[PDB]
Structures are given as C-alpha cells and as structure tokens.
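Just my_file_27.cif here, mmCIF, C-alpha atoms:
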```cif
data_input
#
loop_
_atom_site.group_PDB
_atom_site.id
_atom_site.type_symbol
_atom_site.label_atom_id
_atom_site.label_comp_id
_atom_site.auth_asym_id
_atom_site.auth_seq_id
_atom_site.Cartn_x
_atom_site.Cartn_y
_atom_site.Cartn_z
ATOM 1 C CA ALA D 227 -62.371 -9.628 -58.907
ATOM 2 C CA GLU D 228 -59.485 -11.925 -57.959
ATOM 3 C CA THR D 229 -57.202 -8.908 -57.509
ATOM 4 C CA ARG D 230 -59.793 -7.223 -55.280
ATOM 5 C CA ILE D 231 -60.145 -10.387 -53.186
ATOM 6 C CA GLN D 232 -56.358 -10.697 -52.893
ATOM 7 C CA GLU D 233 -55.918 -7.064 -51.841
ATOM 8 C CA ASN D 234 -58.740 -7.391 -49.298
ATOM 9 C CA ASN D 235 -57.081 -10.510 -47.874
ATOM 10 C CA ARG D 236 -53.705 -8.756 -47.714
ATOM 11 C CA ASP D 237 -55.289 -5.774 -45.940
ATOM 12 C CA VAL D 238 -56.940 -8.147 -43.457
ATOM 13 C CA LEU D 239 -53.603 -9.873 -42.832
ATOM 14 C CA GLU D 240 -51.854 -6.515 -42.391
ATOM 15 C CA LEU D 241 -54.432 -5.312 -39.861
ATOM 16 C CA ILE D 242 -54.227 -8.636 -37.998
ATOM 17 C CA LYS D 243 -50.435 -8.315 -37.833
ATOM 18 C CA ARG D 244 -50.735 -4.715 -36.621
ATOM 19 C CA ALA D 245 -53.203 -5.748 -33.908
ATOM 20 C CA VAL D 246 -50.905 -8.597 -32.841
ATOM 21 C CA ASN D 247 -47.951 -6.201 -32.642
ATOM 22 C CA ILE D 248 -49.944 -3.639 -30.641
ATOM 23 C CA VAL D 249 -51.476 -6.165 -28.216
ATOM 24 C CA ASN D 250 -49.673 -9.425 -27.414
ATOM 25 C CA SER D 251 -51.152 -10.505 -24.066
ATOM 26 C CA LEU D 330 -30.321 -4.936 -61.069
ATOM 27 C CA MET D 331 -29.361 -7.375 -63.841
ATOM 28 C CA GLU D 332 -27.096 -5.119 -65.924
ATOM 29 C CA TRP D 333 -23.968 -7.080 -64.984
ATOM 30 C CA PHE D 334 -25.738 -10.373 -65.709
ATOM 31 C CA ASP D 335 -26.829 -9.102 -69.129
ATOM 32 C CA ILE D 336 -23.298 -7.880 -69.892
ATOM 33 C CA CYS D 337 -21.773 -11.228 -68.916
ATOM 34 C CA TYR D 338 -24.385 -13.137 -70.933
ATOM 35 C CA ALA D 339 -23.681 -10.995 -74.003
ATOM 36 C CA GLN D 340 -19.929 -11.475 -73.553
ATOM 37 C CA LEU D 341 -20.204 -15.256 -73.138
ATOM 38 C CA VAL D 342 -22.987 -16.354 -75.501
ATOM 39 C CA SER D 343 -22.237 -13.662 -78.124
ATOM 40 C CA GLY D 344 -25.560 -14.451 -79.791
ATOM 41 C CA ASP D 345 -29.190 -13.336 -79.580
ATOM 42 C CA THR D 346 -32.490 -15.084 -80.282
ATOM 43 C CA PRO D 347 -36.013 -13.607 -80.400
ATOM 44 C CA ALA D 348 -36.998 -15.833 -77.446
ATOM 45 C CA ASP D 349 -34.718 -13.962 -75.007
ATOM 46 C CA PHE D 350 -35.906 -10.334 -75.044
ATOM 47 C CA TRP D 351 -39.381 -11.325 -73.818
ATOM 48 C CA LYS D 352 -37.925 -13.465 -71.011
ATOM 49 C CA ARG D 353 -37.155 -10.362 -68.930
ATOM 50 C CA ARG D 354 -40.881 -9.518 -68.763
ATOM 51 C CA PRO D 355 -43.713 -11.779 -67.548
ATOM 52 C CA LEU D 356 -45.445 -13.717 -70.313
ATOM 53 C CA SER D 357 -49.030 -14.886 -70.837
ATOM 54 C CA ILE D 358 -50.236 -18.441 -71.497
ATOM 55 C CA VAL D 359 -53.751 -19.114 -72.801
ATOM 56 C CA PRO D 360 -54.139 -22.895 -73.231
ATOM 57 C CA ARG D 361 -57.263 -24.389 -74.815
ATOM 58 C CA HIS D 362 -57.198 -28.191 -74.813
ATOM 59 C CA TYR D 363 -59.728 -30.679 -76.166
ATOM 60 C CA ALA D 364 -60.580 -34.367 -75.918
ATOM 61 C CA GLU D 365 -59.760 -34.969 -79.599
ATOM 62 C CA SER D 366 -56.015 -34.883 -78.870
ATOM 63 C CA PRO D 367 -54.081 -34.414 -75.583
ATOM 64 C CA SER D 368 -52.254 -31.207 -76.483
ATOM 65 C CA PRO D 369 -52.916 -27.741 -75.013
ATOM 66 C CA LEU D 370 -53.232 -24.787 -77.385
ATOM 67 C CA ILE D 371 -50.600 -22.529 -75.841
ATOM 68 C CA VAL D 372 -50.969 -18.860 -76.811
ATOM 69 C CA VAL D 373 -48.214 -16.277 -76.283
ATOM 70 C CA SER D 374 -49.014 -12.553 -76.233
ATOM 71 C CA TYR D 375 -46.618 -9.613 -76.265
ATOM 72 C CA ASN D 376 -46.215 -7.799 -72.948
ATOM 73 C CA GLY D 377 -44.751 -4.558 -74.328
ATOM 74 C CA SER D 378 -47.841 -3.742 -76.404
ATOM 75 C CA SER D 379 -51.482 -3.052 -75.548
ATOM 76 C CA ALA D 380 -52.695 -6.190 -77.309
ATOM 77 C CA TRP D 381 -55.082 -8.901 -76.117
ATOM 78 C CA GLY D 382 -53.823 -10.353 -72.839
ATOM 79 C CA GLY D 383 -51.030 -7.821 -72.338
ATOM 80 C CA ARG D 384 -50.702 -6.077 -68.965
ATOM 81 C CA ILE D 385 -48.548 -2.966 -69.364
ATOM 82 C CA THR D 386 -50.810 0.004 -68.481
ATOM 83 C CA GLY D 387 -53.785 -1.383 -66.538
ATOM 84 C CA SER D 388 -56.834 -3.601 -66.947
ATOM 85 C CA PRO D 389 -56.681 -5.510 -70.264
ATOM 86 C CA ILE D 390 -59.614 -6.431 -72.486
ATOM 87 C CA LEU D 391 -62.104 -8.555 -70.541
ATOM 88 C CA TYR D 392 -64.958 -9.020 -73.067
ATOM 89 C CA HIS D 393 -67.675 -8.170 -70.544
ATOM 90 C CA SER D 394 -71.010 -6.293 -70.467
ATOM 91 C CA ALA D 395 -72.415 -8.700 -73.085
ATOM 92 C CA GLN D 396 -73.645 -11.644 -70.969
ATOM 93 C CA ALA D 397 -75.426 -10.241 -67.903
ATOM 94 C CA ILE D 398 -78.063 -8.477 -70.020
ATOM 95 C CA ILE D 399 -78.714 -11.611 -72.093
ATOM 96 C CA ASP D 400 -78.962 -13.759 -68.958
ATOM 97 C CA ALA D 401 -81.376 -11.293 -67.339
ATOM 98 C CA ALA D 402 -83.525 -11.203 -70.483
ATOM 99 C CA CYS D 403 -83.600 -15.010 -70.628
ATOM 100 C CA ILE D 404 -84.455 -15.358 -66.922
ATOM 101 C CA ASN D 405 -87.086 -12.594 -66.942
ATOM 102 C CA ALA D 406 -89.681 -14.884 -68.559
ATOM 103 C CA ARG D 407 -87.933 -18.200 -67.724
ATOM 104 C CA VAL D 408 -87.606 -18.864 -71.475
ATOM 105 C CA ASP D 409 -84.208 -19.641 -72.980
ATOM 106 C CA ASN D 410 -85.247 -18.866 -76.561
ATOM 107 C CA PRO D 411 -85.252 -15.086 -77.215
ATOM 108 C CA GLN D 412 -87.647 -15.465 -80.164
ATOM 109 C CA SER D 413 -90.594 -16.122 -77.813
ATOM 110 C CA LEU D 414 -89.818 -13.195 -75.487
ATOM 111 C CA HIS D 415 -91.686 -9.954 -74.845
ATOM 112 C CA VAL D 416 -91.523 -6.912 -77.112
ATOM 113 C CA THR D 417 -89.641 -4.930 -74.459
ATOM 114 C CA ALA D 418 -87.004 -7.664 -74.171
ATOM 115 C CA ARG D 419 -86.594 -7.746 -77.959
ATOM 116 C CA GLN D 420 -86.228 -3.955 -78.084
ATOM 117 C CA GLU D 421 -83.643 -4.030 -75.285
ATOM 118 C CA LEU D 422 -81.691 -6.785 -77.049
ATOM 119 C CA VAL D 423 -81.759 -4.825 -80.318
ATOM 120 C CA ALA D 424 -80.618 -1.607 -78.627
ATOM 121 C CA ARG D 425 -77.829 -3.270 -76.633
ATOM 122 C CA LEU D 426 -76.669 -5.493 -79.522
ATOM 123 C CA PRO D 427 -76.738 -3.755 -82.932
ATOM 124 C CA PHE D 428 -75.543 -6.945 -84.647
ATOM 125 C CA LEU D 429 -78.549 -8.883 -83.292
ATOM 126 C CA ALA D 430 -81.093 -6.692 -85.113
ATOM 127 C CA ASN D 431 -80.513 -8.638 -88.355
ATOM 128 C CA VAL D 432 -81.938 -11.872 -86.890
ATOM 129 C CA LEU D 433 -85.218 -10.517 -85.522
ATOM 130 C CA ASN D 434 -86.325 -9.151 -88.910
ATOM 131 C CA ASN D 435 -86.129 -12.711 -90.341
ATOM 132 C CA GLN D 436 -83.944 -11.837 -93.324
ATOM 133 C CA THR D 437 -82.175 -14.359 -95.596
ATOM 134 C CA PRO D 438 -84.092 -17.427 -94.349
ATOM 135 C CA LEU D 439 -82.057 -20.568 -93.688
ATOM 136 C CA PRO D 440 -83.051 -23.858 -92.009
ATOM 137 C CA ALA D 441 -81.862 -23.653 -88.377
ATOM 138 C CA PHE D 442 -78.220 -22.567 -87.844
ATOM 139 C CA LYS D 443 -75.820 -25.102 -89.405
ATOM 140 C CA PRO D 444 -72.478 -23.494 -90.349
ATOM 141 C CA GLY D 445 -71.155 -26.855 -91.549
ATOM 142 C CA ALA D 446 -73.602 -27.317 -94.422
ATOM 143 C CA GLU D 447 -71.090 -27.442 -97.290
ATOM 144 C CA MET D 448 -70.345 -31.159 -96.878
ATOM 145 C CA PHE D 449 -73.852 -32.583 -97.190
ATOM 146 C CA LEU D 450 -74.889 -29.760 -99.538
ATOM 147 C CA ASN D 451 -72.188 -30.836 -101.997
ATOM 148 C CA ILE Q 484 -46.780 31.941 -8.579
ATOM 149 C CA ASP Q 485 -45.553 28.490 -9.595
ATOM 150 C CA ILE Q 486 -46.862 25.180 -10.924
ATOM 151 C CA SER Q 487 -46.365 22.746 -8.038
ATOM 152 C CA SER Q 488 -49.926 21.522 -7.405
ATOM 153 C CA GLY Q 489 -50.495 19.006 -10.215
ATOM 154 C CA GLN Q 490 -47.541 16.728 -9.436
ATOM 155 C CA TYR Q 491 -49.708 14.170 -7.624
ATOM 156 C CA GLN Q 492 -52.354 14.294 -10.360
ATOM 157 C CA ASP Q 493 -49.712 13.765 -13.050
ATOM 158 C CA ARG Q 494 -48.189 10.880 -11.082
ATOM 159 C CA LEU Q 495 -51.537 9.125 -10.630
ATOM 160 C CA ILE Q 496 -52.472 9.667 -14.290
ATOM 161 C CA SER Q 497 -49.120 8.208 -15.363
ATOM 162 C CA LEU Q 498 -49.596 5.228 -13.035
ATOM 163 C CA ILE Q 499 -53.094 4.573 -14.410
ATOM 164 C CA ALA Q 500 -51.820 4.847 -17.987
ATOM 165 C CA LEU Q 501 -48.957 2.439 -17.267
ATOM 166 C CA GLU Q 502 -51.218 -0.102 -15.560
ATOM 167 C CA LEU Q 503 -53.798 -0.008 -18.366
ATOM 168 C CA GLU Q 504 -51.043 -0.329 -20.981
ATOM 169 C CA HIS Q 505 -49.667 -3.352 -19.121
ATOM 170 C CA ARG Q 506 -53.131 -4.913 -18.794
ATOM 171 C CA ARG Q 507 -54.155 -4.361 -22.430
ATOM 172 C CA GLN Q 508 -51.009 -3.946 -24.542
ATOM 173 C CA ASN Q 509 -47.512 -5.424 -24.187
ATOM 174 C CA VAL Q 510 -45.295 -2.360 -24.797
ATOM 175 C CA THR Q 511 -43.652 -3.556 -28.042
ATOM 176 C CA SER Q 512 -43.710 -0.420 -30.210
ATOM 177 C CA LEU Q 513 -43.213 1.779 -27.133
ATOM 178 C CA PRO Q 514 -39.458 2.396 -26.636
ATOM 179 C CA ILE Q 515 -38.486 0.996 -23.241
ATOM 180 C CA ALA Q 516 -34.723 0.426 -23.616
ATOM 181 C CA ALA Q 517 -33.796 3.967 -24.689
ATOM 182 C CA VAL Q 518 -35.510 5.582 -21.690
ATOM 183 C CA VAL Q 519 -33.744 3.225 -19.271
ATOM 184 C CA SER Q 520 -30.406 3.811 -21.010
ATOM 185 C CA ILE Q 521 -30.703 7.606 -20.855
ATOM 186 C CA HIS Q 522 -31.961 7.518 -17.255
ATOM 187 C CA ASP Q 523 -28.947 5.399 -16.265
ATOM 188 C CA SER Q 524 -26.791 8.496 -16.828
ATOM 189 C CA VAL Q 525 -29.461 11.097 -16.008
ATOM 190 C CA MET Q 526 -29.726 9.789 -12.439
ATOM 191 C CA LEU Q 527 -26.019 10.383 -11.778
ATOM 192 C CA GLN Q 528 -25.792 13.580 -13.861
ATOM 193 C CA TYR Q 529 -28.814 15.673 -12.813
ATOM 194 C CA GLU Q 530 -28.829 15.118 -9.036
ATOM 195 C CA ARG Q 531 -25.136 15.698 -8.275
#
```
Can you give me the file's structure in the form of structure tokens?
Amino acid sequence: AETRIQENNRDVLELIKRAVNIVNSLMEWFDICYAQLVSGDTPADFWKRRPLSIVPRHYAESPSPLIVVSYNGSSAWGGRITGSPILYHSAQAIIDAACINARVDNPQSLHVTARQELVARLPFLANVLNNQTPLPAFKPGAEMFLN
Amino acid sequence: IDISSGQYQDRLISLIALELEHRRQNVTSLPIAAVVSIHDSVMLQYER
C-alpha cells in the first residue's frame, strides 16, 4: 500500500512537472583496493553491498530494541529479492468481519454460519469449537502455580 | 494546374496557431533557436 501511494504521488509529481513545462504563463576498483589494503574478510562485509532489514521489537521491561537481521540473497522472511515478501495477511479481515457482524467480540456466542465460516477458513480453529481437552480458560503459564 | 490558392489560408492558420500557442503555452519544448539559426543562412542563400 505504501509503495502504491508513493508511485501515485510520483506520477502526480511527474504530470505536474510536465504540465508546468508545457505551459508556463561500479565499485570493482573500490573492492580491489579494499582487498589489497585490508587483506582480510569478515562475514559482516558481504551483506553490506546489499540493503539489509531491521525488525526491532522493544518493550518497557528494558530499554533495548530487539534488532533482527534477515538475509537479502535468499527468499526468507523479510527478504526482498524477487518481489513481494511474506505479509501474513488474509487472516484478520474475515475474523474482524465475523466479530462485527453481530457486534460480539467472543466467537463462541456467534451464529452457526459464522462458526462454519471460521472453521472453513481456519482449519486449526476447528479443534476449539468441538470443546475437546477441557482446560480452565487459556493460561499458558500454569506450570508455576500448578507446581 | 498549380497549388497557389491556399497560401493565404495557410498563413492565417499559422498565425492563429502561433497566437494561441503564445496565449496558452510558452514555447519551451518547441525548438525556436534552431529555426532562427537555419533561417539566418536560408535568407541569404535561397533568394540570391
């Protein structure tokens, strides 16, 4: 979406410039020299020639961002070498529409059609509606007080 | 038979085009120096 907005803005600027005009009133030598001078390689130099990716995730517990580095030469998460990377989409709009259809946040008290749509769209969510392996609420951190 | 009747029509059409281009546009992309430069020699070369 940001790329589309940027390209639309650049097209608008280009057409404005065209209207104004119509009506008025390459590192091979550097690499060789670096190899000759330094005479030493480190893993943190080959990736410097290509743009990198930073994915920080800070928290109030400690003032330190969680910097994440992803390879650019591979089609991994966050890499941009062939086109649009993984976006993790098409899994929130349907849930939001189902929740707003009956103005109820809890999906357990929804209609049968909404439950069927949620089951069909999310295969992993079919194991919660059948009420299998009962457990009080959803508390992943139960080991401490259980022990 | 010869084509010597549309000279006035061509002249008036050219004048109208020039006046509308001056009123609306400001030349710019239209080459105006090259035509003057070539005419500077054409005037003394074609008439003599």
Please check the contacts: residues of chain Q at most 7 Å away from chain D, using all atoms listed in the file, listed as a PyMOL selection string. chain Q and resi 507-509+511
Can you tell me how far CA of residue 364 in chain D sits from CA of residue 445 in chain D, in Å to one decimal? 20.3 Å
List as an NGL selection string the protein and nucleic acid residues near residue 418 in chain D, meaning an atom at most 9 Å away when all atoms listed in the file are counted, but skip any in the same chain fewer than 4 places from it. :D and (402-403 or 405 or 411 or 414 or 422-423)
List every protein, DNA or RNA residue that has at least one atom no more than 10 Å from (-45.4, -13.6, -80.9) in the file's coordinates, counting only C-alpha atoms, and write the result as a compact mmCIF listing (two decimals) with C-alpha atoms, keeping the file's coordinate frame.
```
# COMPACT_ATOMS: atom_id res chain seq x y z
CA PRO D 347 -36.01 -13.61 -80.40
CA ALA D 348 -37.00 -15.83 -77.45
CA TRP D 351 -39.38 -11.32 -73.82
CA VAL D 372 -50.97 -18.86 -76.81
CA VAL D 373 -48.21 -16.28 -76.28
CA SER D 374 -49.01 -12.55 -76.23
CA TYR D 375 -46.62 -9.61 -76.26
CA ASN D 376 -46.22 -7.80 -72.95
```
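CA of residue 359 in chain D lies 5.6 Å from CA of residue 371 in chain D.
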What does the distance from CA of residue 412 in chain D to CA of residue 430 in chain D come to in Å, to one decimal?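 Taking CA of residue 412 in chain D as the start and CA of residue 430 in chain D as the end point, the length is 12.0 Å.
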From the options D:446, D:240, D:424, D:353, which residue's atoms come nearest to residue 331 in chain D, counting all atoms listed in the file?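 Looking at the shortest contact to residue 331 in chain D, the residue is D:353.
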